[PDB]
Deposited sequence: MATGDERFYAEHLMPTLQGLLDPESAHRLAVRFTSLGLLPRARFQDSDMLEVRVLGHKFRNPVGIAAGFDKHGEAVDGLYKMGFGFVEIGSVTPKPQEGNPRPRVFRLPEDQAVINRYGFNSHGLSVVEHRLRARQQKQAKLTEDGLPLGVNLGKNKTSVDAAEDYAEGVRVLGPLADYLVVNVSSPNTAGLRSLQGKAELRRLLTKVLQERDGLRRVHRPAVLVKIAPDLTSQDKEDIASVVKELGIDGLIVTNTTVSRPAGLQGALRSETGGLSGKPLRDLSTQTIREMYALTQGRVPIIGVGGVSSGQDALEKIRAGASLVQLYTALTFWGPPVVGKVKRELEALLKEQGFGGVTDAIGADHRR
């Protein structure tokens, strides 16, 4: 419990917790424990990455969705994440979908969720981040940056204005912002990934970002689905290059249900995460890196539970990776495990550090 032993968590604690609590209760309890700093690896220099205007002490971040309301940021750095992304946050508070809305597929090492952007809203999150703003400035300066992921309200009549409000309110408190246009759980949202709509939306977002004072001006990334057509991907690449978007987060959860899922809850509605998403996400990273000529930083996400999974996404083109669903199976020790395995594999494959491996599959 205090040592952070990989076998104890994986074989005993996590399976027992999963037997006692429904998945949303487990999520809530985990946010509480983490936020209080009740948790069970010294980052080598090889793991440092400079991208998005910042130093990252290691490339393993916590993906959006775990800490939707910015309650557990310090506890997540304490767990060993090199960067934390909170959100998605919507402009006004909203409850999200009815419960149950989160489902485990233990036989598949996967989760399906349909939270529907349950959010405390911008104002609450703004005050929560303001209460630790200078502590975060020091963390960022120390190589531990903070990302804020923005969503839109269910009943909003103007999606772009929702994201612009997010830029104005939380942009000043974030090292990077994410325009989340890839939740599967908000009606109409994924259609904003289409070319004309994306160009209009991101033009407005970047104008708002550019209007912030220079020390409060974050990088802006777009988080995309794993379910895009070839046409969709080509269009996103074109718009991102045309507008000078700072990066992409690849990928959100999938609405697909890969052949072979075994969990009893495989046909629940929602986005699927974890191991069945892993290679779909990796392949989306590979395609987006190629379409952007390796000039647009990618944060790779989807099914990472080991150093090999992280390195495959880095070699496919990610400069940084994130994970969430693996934590629900393996607990806290998985963060240090990914980092230690990633360092060992980089050495084994002749890389001087993470930076050298970024996009390495495209050069062979």
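Peer 1: Show which contiguous pieces of the deposited sequence have no C-alpha coordinates, counting from residue 1.
Peer 2: In sequence order, there is one gap with no modelled C-alpha: 41-43.
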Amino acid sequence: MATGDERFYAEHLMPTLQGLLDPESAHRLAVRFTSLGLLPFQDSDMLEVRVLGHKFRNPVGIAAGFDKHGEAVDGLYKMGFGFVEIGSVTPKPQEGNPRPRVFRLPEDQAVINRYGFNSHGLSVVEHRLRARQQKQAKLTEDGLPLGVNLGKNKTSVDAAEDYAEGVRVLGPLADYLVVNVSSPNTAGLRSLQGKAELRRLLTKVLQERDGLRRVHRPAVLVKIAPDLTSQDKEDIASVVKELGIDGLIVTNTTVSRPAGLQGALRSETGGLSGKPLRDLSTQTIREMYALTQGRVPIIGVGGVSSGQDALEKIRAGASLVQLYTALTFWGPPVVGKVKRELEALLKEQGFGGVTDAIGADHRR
From here on, numbers count along this sequence of modelled residues.
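Rigid core (definition): largest C-alpha set, two forms, superposition within 1.5 Å.
Peer 1: Stretch 211-219 versus stretch 194-202: after rigid core alignment, which one is farther off in C-alpha RMS in 9 other deposited structures of this protein?
Peer 2: Between the two stretches, 194-202 moves farther in 9 other deposited structures of this protein.
Peer 1: Do the CA atoms of 236-244 or those of 118-126 have the higher mean B-factor in the entry?
Peer 2: Per the PDB entry, the higher value belongs to 236-244.
Peer 1: Between 107-115 and 136-144, which has the higher average C-alpha B-factor in the PDB entry?
Peer 2: The entry gives the higher C-alpha B-factor average to 136-144.
Peer 1: Highest Cα B-factor in the deposition, which of 175, 279, 85, 227?
Peer 2: In the PDB entry, the greatest C-alpha B-factor among 175, 279, 85, 227 is found at 227.
Peer 1: Out of 70, 303, 332, 317, whose C-alpha atom has the biggest B factor in the entry?
Peer 2: 332 has the highest C-alpha B-factor of those listed.
Peer 1: Could you look up the Cα B-factor of residue 41 in the entry and say which third of the chain it sits in: lowest, middle or highest?
Peer 2: Highest third - that is where residue 41 ends up once the chain's C-alpha B-factors are sorted.
Peer 1: Mind checking which third residue 268 falls in for C-alpha B-factor across the chain?
Peer 2: For residue 268, whose C-alpha B-factor we compare with every modelled residue in the chain, the answer is the lowest third.
Peer 1: Would you mind ranking residue 191 by its C-alpha B-factor against the rest of the chain and naming the third, lowest, middle or highest?
Peer 2: For residue 191, whose C-alpha B-factor we compare with every modelled residue in the chain, the answer is the highest third.
Peer 1: Ordered by C-alpha B-factor within the chain, which third holds residue 98? Give me lowest, middle or highest, please.
Peer 2: As the PDB entry reports it, the C-alpha B-factor of residue 98 lands in the highest third of its chain.
Peer 1: Would you mind checking where the Cα B-factor of residue 170 ranks among the modelled residues of its chain, as the lowest, middle or highest third?
Peer 2: CA B-factor rank for residue 170: lowest third.
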